[PDB]
Amino acid sequence: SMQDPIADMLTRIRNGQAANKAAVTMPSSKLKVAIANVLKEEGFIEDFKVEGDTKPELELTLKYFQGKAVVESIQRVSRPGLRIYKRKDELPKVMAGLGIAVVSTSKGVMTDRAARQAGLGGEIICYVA
Amino acid sequence: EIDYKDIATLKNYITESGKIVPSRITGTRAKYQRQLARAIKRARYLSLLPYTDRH
Amino acid sequence: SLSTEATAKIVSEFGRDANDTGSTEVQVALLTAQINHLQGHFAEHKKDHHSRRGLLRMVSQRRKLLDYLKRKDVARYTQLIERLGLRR
Amino acid sequence: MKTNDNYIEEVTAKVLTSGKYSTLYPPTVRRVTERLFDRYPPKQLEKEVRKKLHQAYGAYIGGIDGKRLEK
Amino acid sequence: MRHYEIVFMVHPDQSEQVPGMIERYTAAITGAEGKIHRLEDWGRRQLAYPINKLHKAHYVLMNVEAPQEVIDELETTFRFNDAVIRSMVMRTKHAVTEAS
RNA sequence: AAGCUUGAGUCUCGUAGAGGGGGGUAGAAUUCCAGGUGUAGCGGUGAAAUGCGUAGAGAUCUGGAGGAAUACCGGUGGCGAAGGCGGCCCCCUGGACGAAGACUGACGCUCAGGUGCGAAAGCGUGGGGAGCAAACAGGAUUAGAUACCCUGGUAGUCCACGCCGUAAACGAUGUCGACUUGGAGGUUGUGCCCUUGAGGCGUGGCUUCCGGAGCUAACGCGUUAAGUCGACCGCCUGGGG
Ligand SMILES: [Mg+2]
Ligand SMILES: [Mg+2]
Ligand SMILES: [Mg+2]
Ligand SMILES: [Mg+2]
Ligand SMILES: [Mg+2]
Ligand SMILES: [Mg+2]
Ligand SMILES: [Mg+2]
Ligand SMILES: [Mg+2]
Ligand SMILES: [Mg+2]
Ligand SMILES: [Mg+2]
Ligand SMILES: [Mg+2]
Ligand SMILES: [Mg+2]
Ligand SMILES: [Mg+2]
Ligand SMILES: [Mg+2]
Ligand SMILES: [Mg+2]
Ligand SMILES: [Mg+2]
Ligand SMILES: [Mg+2]
Ligand SMILES: [Mg+2]
Ligand SMILES: [Mg+2]
Ligand SMILES: [Mg+2]
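Residues numbered from 1 in each chain as written, not as in the entry; some residues may be left out. Chains lettered and ligands numbered in written order. Part of a larger assembly, values for the part shown. Heavy atoms only, no water.

- In terms of determination method and resolution, the entry is listed under cryo-EM at 3.0 Å.

- Taking the PDB entry as the reference, chain B is identified by name as 30S ribosomal protein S18 belonging to Escherichia coli.
- This entry's official PDB title is "Methyltransferase RmtC bound to the 30S ribosomal subunit".
- According to UniProt, the comment filed for chain B under the heading Function (unreviewed entry) is "Binds as a heterodimer with protein bS6 to the central domain of the 16S rRNA, where it helps stabilize the platform of the 30S subunit."
- Quoted verbatim from the Sequence similarities (unreviewed entry) field of the UniProt record, the comment on chain B reads "Belongs to the bacterial ribosomal protein bS18 family." (UniProt positions renumbered as here; feature names shortened; annotations may be inferred.)

- Where the PDB entry is consulted, chain A appears under the name 30S ribosomal protein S8, with the organism given as Escherichia coli.
- What UniProt states about chain A under its Sequence similarities (unreviewed entry) heading is, verbatim, "Belongs to the universal ribosomal protein uS8 family."
- According to the UniProt record, the Function (unreviewed entry) comment for chain A is "One of the primary rRNA binding proteins, it binds directly to 16S rRNA central domain where it helps coordinate assembly of the platform of the 30S subunit."

1. Some details on the sheet that holds strand β8 (residues 122–128) of chain A
Adjacent strands of a sheet form backbone hydrogen bonds with each other and so pair up, either parallel or antiparallel.
Residues and elements named next belong to chain A.
Point 1. The three strands lie next to each other as β7-β6-β8, forming an open sheet whose pairing is antiparallel. Strands at the two margins of the open sheet, each flanked by one partner only, are β7 (109–110) and β8.
Point 2. In terms of strand pairing, strand β6 (residues 100–105) meets β7 through two bridges, oriented antiparallel. Note that in β7 the partner of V103 across the bridge is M110. (Pairing = 2+ DSSP bridges. Helix = DSSP H or I, 4+ residues; strand = E, 2+ residues; numbered from the N terminus.)

2. Section: the side chain of D:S18
Residue and element names in this part refer to chain D.
Point 1. Summarising the element assignment, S18 is placed in the loop between α2 (9–17) and α3 (26–35).
Point 2. In this structure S18 comes out as buried when scored by relative accessible area, which is 15%.
Point 3. Of the polar contacts made by the side chain of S18, one reaches the backbone oxygen of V15; its length is 3.2 Å. (Buried < 20%, exposed > 50% of the residue type's maximum accessible area, 1.4 Å probe, protein only. Polar contact = N/O pair within 3.5 Å; in protein donor to acceptor, adjacent residues only side chain to side chain.)

3. A short note on helix α2 (residues 26–39) of chain C
All names here are of chain C.
Point 1. Here α2 contains 14 residues, and its C-alpha end-to-end distance of 21 Å stays within 8% of the 20 Å for a straight helix at 1.5 Å per residue.
Point 2. Every buried residue of α2 is accounted for by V26, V28, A29, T32 and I35.
Point 3. Residues of α2 that are buried sit in contact with α1 (8–11), α4 (56–59), α5 (61–66) and α6 (77–83). (Expected span 1.5 Å × (residues − 1). Contact = heavy atoms within 4.5 Å.)

4. A few points about the protein's contact with RNA strand F
Point 1. Taken together, 72 residues lie near RNA strand F, and A:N15, A:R79, B:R54, C:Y68 and E:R79 sit nearest.
Point 2. Taking all atoms of RNA strand F within 4 Å of the protein, the share assigned to sugar and phosphate is 78%.
Point 3. Residue B:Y45 places a main-chain N or O atom 2.9 Å away from a phosphate oxygen belonging to RNA strand F.
Point 4. Residue B:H55 places a main-chain N or O atom 3.3 Å away from a base nitrogen belonging to RNA strand F.
Point 5. At the level of secondary structure, the elements contributing two or more residues to the surface near RNA strand F comprise α1 (5–19) of chain A, α2, α3 (50–53) and α5 of chain C together with α5 (66–69) of chain D.
Point 6. Residue contributions to the surface near RNA strand F peak at six residues, all from α1(A).
Point 7. Across the surface near RNA strand F, the residue classes break down as 18 nonpolar, 23 polar and 31 charged. (Near = heavy atom within 4 Å. Nonpolar A, V, L, I, M, F, W, Y, C, P; charged D, E, K, R; others polar.)

5. Section: the environment of E:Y25
Residue and element names in this part refer to chain E.
Point 1. Turning to its location among the elements, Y25 is positioned in the loop between α1 (18–21) and β2 (36–44).
Point 2. It is 8.7 Å that separates the C-alpha atoms of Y25 and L74, two residues lying 49 residues apart in sequence.
Point 3. Beyond its immediate stretch of four places on either side in the chain, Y25 contacts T77 and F78.

See below:
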């Protein structure tokens, strides 16, 4: 059943690039705000707005450049049944450094480029391409 | 008419032998085809009224 | 004969708050009489089989309710097992 | 000694009683089971004596059709 | 307390027992807190199956909300009687001014 | 340790169903057992015969006993996890679904061993037994039909109480939850609108067909997933043996 709220966020983004829609509707959560903030500085997402009084509601806006999608392929590393942790000097480079590896450090959720040069280590969430 | 609560009044359509005949003796309107000839088949599941008295 | 008027006094047996259509000790009393009336039907009419399967989705419900209030308030179980005679 | 000795007729009658395998003399079959006592597993005695009735020594089972011969 | 409808018939050659059969059966269903919603008599009409030796038959139509504690012995009463041929019990029917 | 509600448990107010089980009742048909009436033919196979008949056959009417199955209504409709179950019909009782409002605040998903259910066939301890029908035997048939045709019948089918747990038990698809261009046929609830054109326009469950993107060798699936994610378990490491 529903045992992973993080995988539900990646499903709407992966399936949203093929349907060619504007924005999607999904309930927000603590981690979902930090994940959407990383993709907003990146060209991955445009802007998000939380406009629910009854409950937090996350509204993600996709970006379409030319006739191609911005999201290529998103995998899964930190599975609920199998967690994978890496060292500071063992951070995987997505797309030979071109990708954006969303990591979860101790100070917060940031990228993989600013993790090896500042702050401390963390847990790799997934591979956002 | 148009409702489905008219279950205690089918003595003018079907007979005792078990053969359903259209309303032709009195001579009224016969425009209600789906609400009469086709709506009677929906009540054949529970079949509260015996359709064939000879069986 | 399971009528709608005979189950009106079952909710009044357990009440924590006021003006409430629901308490914490009422989820078991509303399901205890339903299983108790079907357990006695094992002795007679042994040809029954569909009625025996239906108890698997009701008797096993009580095993999950025991681990719910166990880590919260232990004194809440001292009323349920001695009045509805559940698990001695 | 019923394990081996009351377990010879349970096997032997069955052949000599059935009208399909009854084309034999009682002594002829009294012999062919003391021979084949220690020949096939102790739960498969009559079972694999049917092999000597089909793979071997067959067509005499069912017999030559006397009710076709007199016919 | 539900709704019931006992529709039975009497003997064809015994037409004088019709006013005397319903009278002795309406007293047990009255003092048990029950009333009679509808009460119409059809008559000795014609049938379509000559199954009985004598094909006459009077139909009895009456509505009464008899409890369950009384229908267990009232239904078995018509079985021992020789004038009663068969019966018919429906379920969940309300009352009506007339049916035909 | 202390709370909330977006997944929804339960309950009040309703509707639909061969969901399951225990009694009772009705009709048709086959056959047996009794009268009247009618006698060398009847049943049955492209040719023949066995059986059944002059101790009243076959056929027909009436009546009675016993047993089994529910024709038309009946559509891949409805119900159940699966298997399976279609006569009106009493009692007991379960599941699912619709719908405006409260309360209780993840009591949630899945699994080895184990428990329970599981057609037909078969077996043990007791009944019923009119038909049909595995062995067995009469008549055909051919330098050999226990394959098929025809004439009978013991188990079994039915019923109470048990054991065994075997299928193409197939939807060759484990369950639960979430996301996802749409149209055209049925069944089953609650509303709006002029139900005055018995319909359009909304909101659910179940079921069938077609089809794009996408997925797969291919056929196909394709908003009930075999697509796109996630949680849990089982099986299979070449074809025979
Ligand atoms: Mg059984
Ligand atoms: Mg808590
Ligand atoms: Mg039923
Ligand atoms: Mg005669
Ligand atoms: Mg003569
Ligand atoms: Mg006759
Ligand atoms: Mg008999
Ligand atoms: Mg309030
Ligand atoms: Mg609260
Ligand atoms: Mg499960
Ligand atoms: Mg069987
Ligand atoms: Mg069986
Ligand atoms: Mg038996
Ligand atoms: Mg099947
Ligand atoms: Mg299989
Ligand atoms: Mg279903
Ligand atoms: Mg298709
Ligand atoms: Mg595939
Ligand atoms: Mg191998
Ligand atoms: Mg090998």
